[PDB]
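Structure record follows, encoded as structure tokens.
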Amino acid sequence: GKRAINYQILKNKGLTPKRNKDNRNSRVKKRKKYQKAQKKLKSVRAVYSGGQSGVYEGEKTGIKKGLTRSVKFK
Amino acid sequence: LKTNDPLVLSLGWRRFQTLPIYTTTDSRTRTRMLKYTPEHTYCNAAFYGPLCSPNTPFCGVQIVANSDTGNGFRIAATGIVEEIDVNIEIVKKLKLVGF
Amino acid sequence: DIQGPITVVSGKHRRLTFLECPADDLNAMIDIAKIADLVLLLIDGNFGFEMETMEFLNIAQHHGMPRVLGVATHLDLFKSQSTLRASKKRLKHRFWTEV
Amino acid sequence: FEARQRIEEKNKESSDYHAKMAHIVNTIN
Amino acid sequence: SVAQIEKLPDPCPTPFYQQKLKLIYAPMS
Amino acid sequence: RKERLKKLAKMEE
Amino acid sequence: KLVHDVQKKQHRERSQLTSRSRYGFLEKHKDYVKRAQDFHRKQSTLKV
Amino acid sequence: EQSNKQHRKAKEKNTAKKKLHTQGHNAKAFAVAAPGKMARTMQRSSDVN
Amino acid sequence: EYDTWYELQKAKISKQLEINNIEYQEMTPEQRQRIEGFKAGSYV
Amino acid sequence: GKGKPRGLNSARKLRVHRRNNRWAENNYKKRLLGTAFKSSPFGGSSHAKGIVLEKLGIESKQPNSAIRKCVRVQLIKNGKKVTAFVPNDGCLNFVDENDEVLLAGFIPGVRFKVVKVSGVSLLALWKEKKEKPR
RNA sequence: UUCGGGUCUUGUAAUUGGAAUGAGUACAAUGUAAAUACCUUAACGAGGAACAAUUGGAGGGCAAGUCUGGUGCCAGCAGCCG
Ligand SMILES: [Mg+2]
Ligand SMILES: [Mg+2]
Ligand SMILES: [Mg+2]
Ligand SMILES: [Mg+2]
Ligand SMILES: [Mg+2]
């Protein structure tokens with residue numbers, strides 16, 4: 001018998017852009033941002049990852065011959 | 001709302017049902033018939049009924065009987081009377097197809 | 001018993017006409033909105049906003065807003081004082097959106 | 001014939017619109 | 001169209017008007 | 001490369 | 001940026017008529033542009 | 001092709017201090033004590049107006 | 001001389017309404033209803 | 001000697017000289033005389049009420065053109081007619097003739113934008129969070 | 001800036017488990033002049049955990065769609081309208 005207002009009328013959010021869930025909790029958003037940053041840092045430069053685990057199986061990604069990452073004194 | 005869809009208006013002191021036609025200006029080049037009202041913006045609507053002075057606001061309702069009230073909002077359309085004329089020249093795109 | 005308009009003296013040089021709009025007719029809502037100098041908008045505090053309350057406000061806003069006063073009733077049905085205050089706060093702010 | 005007339009009508013409408021636009025921009029500044 | 005129209009004495013005069021010259025007037029009810 | 005070039009076209013312009 | 005999300009809704013492609021299905025896929029403006037440049041490339045290499 | 005150097009004229013325009021008295025009265029005398037409260041209170045009043 | 005342009009418009013309206021009152025106060029009652037009609041507040 | 005007194009008992013001459021020279025600043029003069037507001041577009045107000053006179057760009061063909069977003073508004077305070085933006089053509093539908101608008105600082109020569117219409121924010125209406133009361 | 005270059009557990013628009021808790025509801029008690037609330041606490045209270053975080057800024061892309069100009073297929077404006 002009674003006609004109650006639905007969700008749209010009560011909150012009156014209107015038209016808003018879609019927003020990803022991470023904004024709801026800043027801590028979670030920064031958590032994902034940081035762990036994403038760590039992955040990129042590996043690409044920029046190598047980063048120590050605990051050292052050797054198991055028998056030495058060689059360099060997985062290959063050795064480059066004519067390439068030097070050496071910072072020379074001028 | 002849909003074109004040629006009955007809609008009870010409230011103009012001035014008078015309430016009545018008409019068959020409006022929703023149109024667009026098409027970059028101010030013609031009065032082209034639309035099939036439905038825009039989802040979240042205004043559109044030009046032409047309907048037959050008692051004339052009123054411009055700046056006369058009005059509201060629309062599709063259902064007034066309690067038997068069909070349901071639970072949804074019954075206010076359908078809101079707008080402003082913009083002109084009063086004895087003529088209109090709505091046109092529709094009729095595209096011919098060949099092979 | 002009250003039926004139809006009732007005119008009563010309210011002051012030395014002021015008079016008021018009370019009119020109980022039929023709650024179940026949307027037509028009666030429309031015409032009252034076009035002549036009502038004041039609206040005593042009745043709201044059930046326990047239940048909250050209802051369609052007829054929200055519908056009428058939209059009619060009033062489009063036909064020329066008259067003075068509106070919200071009246072909250074059935075507040076005694078609340079059993080906790082804390083929940084009563086929260087409901088009053090929520091209702092008031094939502095009412096502050098329309099008015 | 002209607003091809004000739006329509007070009008004449010369209011030419012008249014385009015010139016009038018541009019003239020109206022020149023007036024509007026002149027007035028605003 | 002109004003066939004006829006006439007003015008009548010006020011059936012619910014306000015006190016200021018009355019003394020210059022009952023508080024409720026509900027004929028429908 | 002194609003996307004990056006179109007972006008620099010905005011930077012240059 | 002006063003555009004709504006509805007302002008930027010995607011407009012979907014239509015396809016060939018079922019009756020015309022034997023004639024092949026219904027090309028569009030993007031499809032036409034590929035074959036047009038390739039056609040131009042041949043004649044430029046043909047005219048030289 | 002000879003261009004002599006400009007003679008920078010002596011100022012005939014009113015000097016800044018003179019400009020204060022170029023009206024019917026002495027502009028320096030009709031001032032306020034708290035120019036800080038002068039600006040703040042007016043700005044509120046203007047929007048209230 | 002009114003301070004704001006708004007006051008000027010209100011002054012013009014108020015002056016005009018004031019003029020309307022004087023003519024009607026001059027006017028005879030039976031004539032007045034013939035010209036102005038039944039004013040608001042009349043029980044009719 | 002730098003052209004100023006330096007004696008240990010020359011305080012008076014320095015003070016009186018400073019007060020006389022302090023009036024040279026335009027900033028000082030405007031602050032004390034209360035004339036810092038003449039240059040303000042609204043004459044000291046942060047906003048400006050007005051009357052919507054005409055929507056000039058309504059006849060434009062190009063949608064969301066710079067012409068389309070302009071409206072001539074008559075400032076109520078002094079009656080001077082001026083021109084203002086609307087945020088977009090979509091909001092232009094809300095604005096109508098003879099309806100109040102609140103203007104704020106922002107095609108050259110146009111220096112104002114509409115922020116409220118009929119006592120309701122345009123952005124509020126544009127987001128469908130409100131209805132314009134008439 | 002083209003030329004290209006450097007690096008390695010990365011991605012999923014995929015499924016799935018039982019543990020935790022207060023916003024709120026509320027026996028009671030504490031609190032208070034009497035109350036509300038806080039701190040406590042029986043019993044309820046989580047998977048879209050819809051128990052539905054907001055305010056601004058930057059940039060795309062799409063149509064048998066619309067408008068404007070022209071050394072053809074292009075370009076500009078733009079596109080809630082096919
Ligand atoms: Mg609490
Ligand atoms: Mg608020
Ligand atoms: Mg002081
Ligand atoms: Mg020396
Ligand atoms: Mg708690």
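Ordering of the structure tokens sets the chain letters (A, B, ...), residue numbers begin anew at 1 in every chain, and ligands are numbered from 1 in the order given.
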>> Using DSSP assignments from the backbone, pull out every residue in chain H that falls under helix (DSSP H, G or I) and give it to me as a VMD selection string.
In response: chain H and resid 16 to 20 35 to 48
> Please, which residues have at least one atom within 12 Å of an atom of ligand 4, using only C-alpha atoms (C1' of nucleotides) and all ligand atoms, listed as number ranges by chain?
Replying inline: J: 1-3
> Any idea what's packed within 12 Å of residue 25 (chain A), counting only C-alpha atoms (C1' of nucleotides), ignoring anything in its chain fewer than 6 positions away? Could you give it as a ChimeraX atom specification?
Replying inline: /A:31-32 /K:53-54
Selected residues written out, N, CA and C atoms (P, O5', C5', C4', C3', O3' and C1' of nucleotides), as a PDB file, in the first residue's frame:
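Result saved to part.pdb:
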ATOM      1  N   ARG A  31      48.660   0.800  -1.560  1.00  0.00           N
ATOM      2  CA  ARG A  31      49.273  -0.522  -1.552  1.00  0.00           C
ATOM      3  C   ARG A  31      49.476  -1.029  -2.972  1.00  0.00           C
ATOM      4  N   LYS A  32      48.430  -0.959  -3.796  1.00  0.00           N
ATOM      5  CA  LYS A  32      48.556  -1.430  -5.170  1.00  0.00           C
ATOM      6  C   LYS A  32      49.525  -0.567  -5.960  1.00  0.00           C
TER       7      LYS A  32
ATOM      8  P     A K  53      28.220   4.668  -0.838  1.00  0.00           P
ATOM      9  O5'   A K  53      29.352   5.621  -1.423  1.00  0.00           O
ATOM     10  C5'   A K  53      30.518   5.924  -0.666  1.00  0.00           C
ATOM     11  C4'   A K  53      31.332   7.014  -1.315  1.00  0.00           C
ATOM     12  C3'   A K  53      32.283   6.552  -2.418  1.00  0.00           C
ATOM     13  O3'   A K  53      32.426   7.578  -3.398  1.00  0.00           O
ATOM     14  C1'   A K  53      33.516   7.593  -0.718  1.00  0.00           C
ATOM     15  P     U K  54      31.287   7.845  -4.497  1.00  0.00           P
ATOM     16  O5'   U K  54      31.184   9.432  -4.547  1.00  0.00           O
ATOM     17  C5'   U K  54      30.479  10.146  -3.544  1.00  0.00           C
ATOM     18  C4'   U K  54      31.288  11.297  -3.005  1.00  0.00           C
ATOM     19  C3'   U K  54      31.835  12.270  -4.034  1.00  0.00           C
ATOM     20  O3'   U K  54      30.867  13.202  -4.476  1.00  0.00           O
ATOM     21  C1'   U K  54      33.534  11.719  -2.492  1.00  0.00           C
TER      22        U K  54
END
> Any idea which chain G residues end up within 6 Å of chain K if we count only C-alpha atoms (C1' of nucleotides), as a PyMOL selection string please?
Replying inline: chain G and resi 6-7+10-11
> Taking only C-alpha atoms (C1' of nucleotides) into account, what are the residues of chain A at most 8 Å from chain K, put as a list in words?
Replying inline: residues 23, 24, 42, 43, 44, 45, 46 and 61 of chain A
Atoms to include: N, CA, C and O atoms. Write the selected residues as a PDB file, in the first residue's frame.
ATOM      1  N   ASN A  23      39.678   3.720  -4.947  1.00  0.00           N
ATOM      2  CA  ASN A  23      39.538   5.048  -4.363  1.00  0.00           C
ATOM      3  C   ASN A  23      38.772   5.009  -3.050  1.00  0.00           C
ATOM      4  O   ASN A  23      38.926   5.909  -2.216  1.00  0.00           O
ATOM      5  N   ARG A  24      37.938   3.989  -2.845  1.00  0.00           N
ATOM      6  CA  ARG A  24      37.140   3.933  -1.626  1.00  0.00           C
ATOM      7  C   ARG A  24      38.024   3.829  -0.391  1.00  0.00           C
ATOM      8  O   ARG A  24      37.669   4.340   0.678  1.00  0.00           O
ATOM      9  N   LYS A  42      62.327  -3.089 -11.234  1.00  0.00           N
ATOM     10  CA  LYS A  42      63.101  -4.202 -11.772  1.00  0.00           C
ATOM     11  C   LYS A  42      63.436  -3.973 -13.238  1.00  0.00           C
ATOM     12  O   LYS A  42      64.558  -4.251 -13.679  1.00  0.00           O
ATOM     13  N   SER A  43      62.474  -3.473 -14.013  1.00  0.00           N
ATOM     14  CA  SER A  43      62.736  -3.185 -15.419  1.00  0.00           C
ATOM     15  C   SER A  43      63.775  -2.084 -15.574  1.00  0.00           C
ATOM     16  O   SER A  43      64.673  -2.182 -16.419  1.00  0.00           O
ATOM     17  N   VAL A  44      63.672  -1.025 -14.770  1.00  0.00           N
ATOM     18  CA  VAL A  44      64.610   0.087 -14.878  1.00  0.00           C
ATOM     19  C   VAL A  44      66.024  -0.379 -14.559  1.00  0.00           C
ATOM     20  O   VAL A  44      66.976  -0.079 -15.287  1.00  0.00           O
ATOM     21  N   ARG A  45      66.180  -1.118 -13.465  1.00  0.00           N
ATOM     22  CA  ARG A  45      67.460  -1.690 -13.084  1.00  0.00           C
ATOM     23  C   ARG A  45      67.187  -2.993 -12.356  1.00  0.00           C
ATOM     24  O   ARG A  45      66.099  -3.206 -11.818  1.00  0.00           O
ATOM     25  N   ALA A  46      68.184  -3.867 -12.340  1.00  0.00           N
ATOM     26  CA  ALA A  46      68.074  -5.079 -11.546  1.00  0.00           C
ATOM     27  C   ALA A  46      68.046  -4.726 -10.063  1.00  0.00           C
ATOM     28  O   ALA A  46      68.633  -3.727  -9.637  1.00  0.00           O
ATOM     29  N   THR A  61      68.013 -15.333 -18.603  1.00  0.00           N
ATOM     30  CA  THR A  61      67.647 -14.399 -19.658  1.00  0.00           C
ATOM     31  C   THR A  61      68.752 -14.180 -20.680  1.00  0.00           C
ATOM     32  O   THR A  61      68.536 -13.442 -21.647  1.00  0.00           O
TER      33      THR A  61
END
> Got a sec to check which residues lie within 12 Å of ligand 5, using only C-alpha atoms (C1' of nucleotides) and all ligand atoms, and send them as a list in words?
Replying inline: residues 21, 22, 23, 24, 37, 38, 39 and 40 of chain K
Check which residues fall inside 9 Å of ligand 2 when counting only C-alpha atoms (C1' of nucleotides) and all ligand atoms, and print them as a CSV table (one decimal) with C-alpha atoms, in the first residue's frame.
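The result, stored in pocket21.csv:
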chain,number,residue,atom,x,y,z
C,93,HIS,CA,18.8,17.1,5.0
C,94,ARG,CA,17.0,15.3,2.2
C,96,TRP,CA,16.8,20.6,2.4
C,97,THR,CA,17.6,19.2,-1.1
>> Can you pull out every residue with an atom within 9 Å of ligand 3? Use only C-alpha atoms (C1' of nucleotides) and all ligand atoms and format it as a ChimeraX atom specification.
In response: /H:33-34,37
>> As a quick test: using only C-alpha atoms (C1' of nucleotides) and all ligand atoms, which residues lie no more than 9 Å away from ligand 1? Give them as a PyMOL selection string.
In response: (chain C and resi 82-83+86) or (chain K and resi 37)
Exercise: residue 6 (chain A) partners within 12 Å, only C-alpha atoms (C1' of nucleotides), chain neighbours under 4 positions left out, as a PDB file with N, CA and C atoms, in the first residue's frame:
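This went into part-v2.pdb:
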ATOM      1  N   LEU A  10      16.671   8.420  -3.021  1.00  0.00           N
ATOM      2  CA  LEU A  10      17.122   8.668  -1.656  1.00  0.00           C
ATOM      3  C   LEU A  10      18.527   9.257  -1.633  1.00  0.00           C
ATOM      4  N   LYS A  11      19.477   8.609  -2.307  1.00  0.00           N
ATOM      5  CA  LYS A  11      20.851   9.100  -2.288  1.00  0.00           C
ATOM      6  C   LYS A  11      21.030  10.309  -3.195  1.00  0.00           C
ATOM      7  N   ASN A  12      20.293  10.362  -4.302  1.00  0.00           N
ATOM      8  CA  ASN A  12      20.364  11.491  -5.225  1.00  0.00           C
ATOM      9  C   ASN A  12      21.786  11.691  -5.737  1.00  0.00           C
TER      10      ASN A  12
ATOM     11  N   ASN B  71       4.711   1.346  -8.639  1.00  0.00           N
ATOM     12  CA  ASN B  71       5.587   1.967  -7.655  1.00  0.00           C
ATOM     13  C   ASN B  71       6.562   2.966  -8.257  1.00  0.00           C
ATOM     14  N   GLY B  72       6.741   2.971  -9.574  1.00  0.00           N
ATOM     15  CA  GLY B  72       7.678   3.889 -10.183  1.00  0.00           C
ATOM     16  C   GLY B  72       7.178   5.320 -10.167  1.00  0.00           C
ATOM     17  N   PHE B  73       8.112   6.245 -10.377  1.00  0.00           N
ATOM     18  CA  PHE B  73       7.770   7.660 -10.409  1.00  0.00           C
ATOM     19  C   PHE B  73       6.844   7.950 -11.580  1.00  0.00           C
TER      20      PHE B  73
ATOM     21  N   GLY C  48       9.474   7.182   6.301  1.00  0.00           N
ATOM     22  CA  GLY C  48      10.340   7.958   5.434  1.00  0.00           C
ATOM     23  C   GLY C  48       9.589   8.543   4.257  1.00  0.00           C
ATOM     24  N   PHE C  49      10.363   9.086   3.323  1.00  0.00           N
ATOM     25  CA  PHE C  49       9.784   9.730   2.153  1.00  0.00           C
ATOM     26  C   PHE C  49       8.998   8.725   1.320  1.00  0.00           C
ATOM     27  N   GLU C  50       7.917   9.204   0.709  1.00  0.00           N
ATOM     28  CA  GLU C  50       7.050   8.392  -0.132  1.00  0.00           C
ATOM     29  C   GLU C  50       6.887   9.062  -1.488  1.00  0.00           C
ATOM     30  N   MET C  51       6.373   8.294  -2.449  1.00  0.00           N
ATOM     31  CA  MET C  51       6.257   8.796  -3.813  1.00  0.00           C
ATOM     32  C   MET C  51       5.362  10.025  -3.875  1.00  0.00           C
ATOM     33  N   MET C  54       7.310  13.042  -2.799  1.00  0.00           N
ATOM     34  CA  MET C  54       8.287  13.460  -3.797  1.00  0.00           C
ATOM     35  C   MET C  54       7.612  13.944  -5.073  1.00  0.00           C
TER      36      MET C  54
END
Within 8 Å of region 40-43 of chain B using only C-alpha atoms (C1' of nucleotides), minus same-chain residues under 4 positions, as a PDB file with N, CA and C atoms (P, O5', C5', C4', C3', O3' and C1' of nucleotides), in the first residue's frame:
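Printed below is out_22.pdb as written:
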ATOM      1  N   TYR B  22       8.755  14.270 -30.795  1.00  0.00           N
ATOM      2  CA  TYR B  22      10.035  14.780 -30.332  1.00  0.00           C
ATOM      3  C   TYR B  22      10.993  14.909 -31.506  1.00  0.00           C
ATOM      4  N   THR B  23      11.644  16.067 -31.600  1.00  0.00           N
ATOM      5  CA  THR B  23      12.444  16.414 -32.763  1.00  0.00           C
ATOM      6  C   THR B  23      13.795  16.949 -32.315  1.00  0.00           C
ATOM      7  N   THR B  24      14.672  17.159 -33.292  1.00  0.00           N
ATOM      8  CA  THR B  24      15.968  17.776 -33.072  1.00  0.00           C
ATOM      9  C   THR B  24      16.248  18.757 -34.200  1.00  0.00           C
TER      10      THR B  24
ATOM     11  N   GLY J  90      24.886  21.974 -23.238  1.00  0.00           N
ATOM     12  CA  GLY J  90      23.905  21.217 -22.481  1.00  0.00           C
ATOM     13  C   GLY J  90      23.271  22.041 -21.379  1.00  0.00           C
ATOM     14  N   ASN J  93      20.327  24.918 -22.060  1.00  0.00           N
ATOM     15  CA  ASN J  93      18.891  24.671 -22.039  1.00  0.00           C
ATOM     16  C   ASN J  93      18.275  25.134 -20.726  1.00  0.00           C
TER      17      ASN J  93
ATOM     18  P     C K  80      26.023  14.249 -28.513  1.00  0.00           P
ATOM     19  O5'   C K  80      25.089  13.167 -27.818  1.00  0.00           O
ATOM     20  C5'   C K  80      25.459  11.795 -27.807  1.00  0.00           C
ATOM     21  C4'   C K  80      24.372  10.934 -27.218  1.00  0.00           C
ATOM     22  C3'   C K  80      22.977  11.174 -27.786  1.00  0.00           C
ATOM     23  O3'   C K  80      22.260   9.945 -27.839  1.00  0.00           O
ATOM     24  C1'   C K  80      22.964  11.587 -25.462  1.00  0.00           C
TER      25        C K  80
END
>> What are the residues of chain I lining chain E at 10 Å or less? Count only C-alpha atoms, and put the answer as JSON, numbers by chain.
In response: {"I": [33, 38, 41, 42, 43, 44]}
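Going from CA of residue 78 (chain C) over to CA of residue 70 (chain B), you cover 28.5 Å.
CA of residue 36 (chain H) to CA of residue 34 (chain J) spans 10.2 Å [interatomic distance, one decimal].
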> Which neighbours of region 15-25 of chain H fall inside 9 Å, counting only C-alpha atoms (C1' of nucleotides), when residues of the same chain fewer than 5 positions from it are skipped, and could you give them as an MDAnalysis selection string?
Replying inline: chainID J and resid 20:21 23:26
Closest atom pairs, chain A residues within 9 Å of chain G, only C-alpha atoms, as CSV:
residue,atom,partner,partner_atom,distance
A:15,CA,G:4,CA,7.8
A:16,CA,G:4,CA,8.1
A:17,CA,G:5,CA,6.4
A:18,CA,G:5,CA,8.2
